[PDB]
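Everything below concerns the one structure shown next.
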Amino acid sequence: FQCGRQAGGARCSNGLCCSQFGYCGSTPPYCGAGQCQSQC
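What follows is the structure, encoded as C-alpha cells:
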C-alpha cells in the first residue's frame, strides 16, 4: 500500500488508479480486476 488512507495520501507509478483502501496500480488486482475505485 502507498496511496489512499491505507497509507495516508500518495500515488504509485503514474496517474493510474487507487484502491478503496489505498492500493494504487496499473496492472495487478488494483488496476484491472481487484479493488479499483478510481480506474480499472
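For the sequence shown, my numbering gives the first residue as 1, with consecutive numbering after it. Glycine included, each C-beta is placed from N, C-alpha and C at the ideal position.
One Cα belongs to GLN37, the other to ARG5, and the distance between them is close to 13 Å.
With a threshold of 16 other beta carbon atoms within 10 Å, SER19 meets it and is buried.
Here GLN2 has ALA10, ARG11, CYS12, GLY22, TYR23, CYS24 as same chain residues with Cβ atoms under 8 Å from its own Cβ, once five neighbours each way along the sequence are excluded.
Here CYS31 is buried. Its C-beta has 16 or more other C-beta atoms within 10 Å.
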